[PDB]
Amino acid sequence: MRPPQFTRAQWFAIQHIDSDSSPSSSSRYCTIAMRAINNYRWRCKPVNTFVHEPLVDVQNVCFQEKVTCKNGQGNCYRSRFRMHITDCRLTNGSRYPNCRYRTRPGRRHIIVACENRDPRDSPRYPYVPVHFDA
């Protein structure tokens, strides 16, 4: 479950947006970056993708190509361009609290679900990404 102290949009950003990643080129990137997420979990998160673009560019996907969501609900959007991503996958022998990851850099179009901000979210961004399509 999402920690209730974070909104949907906040938890999306915490788990999936890293705009100030410079060690993303490191093979240790995922093991380092996953710690803040796993601190809110009781088992190591198996798989997680980060998008390495400025926040405004990730948010602007919500104004791009609208597509049906995998769940058939809500409003989903595909990025116009491929974005820098990292796929993080837990290594087979990992067991909480020792969560080690393989880092797989890549570039892909992202698909996000967007919705109106929560009252607890900044009013500077009225319509925001809350989930990846899958």
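Residues numbered from 1 in each chain as written, not as in the entry; some residues may be left out. Heavy atoms only, no water.

In the PDB archive, X-ray crystallography is given as the structure determination method for this entry, at a resolution of 1.14 Å.

In the nomenclature of the PDB entry, the protein chain corresponds to RNASE 3/1 version2 from the organism synthetic construct. Per the header of the deposited record, the title is "RNASE 3/1 version2".

Chemist: Got a minute to help me understand the sheet that holds strand β5 (residues 101-108) in this structure?
Modeler: By definition, the strands of a sheet pair up through backbone hydrogen bonds, in either a parallel or an antiparallel sense. Sheet architecture is open: three strands sit in the order β1-β4-β5, paired in antiparallel fashion. A strand with exactly one partner marks an edge of an open sheet, and here the two such strands are β1 (47-51) and β5. Each adjacent strand pair in this sheet contributes to an overall mean axis angle of 20 degrees, direction not counted. Note that β1 and strand β4 (residues 83-90) share five bridges and pair antiparallel. Looking at β4, one finds that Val47 is bridged to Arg89. (Pairing = 2+ DSSP bridges. Helix = DSSP H or I, 4+ residues; strand = E, 2+ residues; numbered from the N terminus. Axes fitted to C-alpha atoms, helices over the stretch in contact; angles between N-to-C directions.)

Chemist: Honestly, the pairing of β4 in this entry has me stumped. Any pointers?
Modeler: Side chains on a regular strand alternate between the two faces of the sheet. As paired elements, β4 and β5 share eight bridges and run antiparallel to each other. Within β5, the residue paired with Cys88 across the bridge is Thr103.

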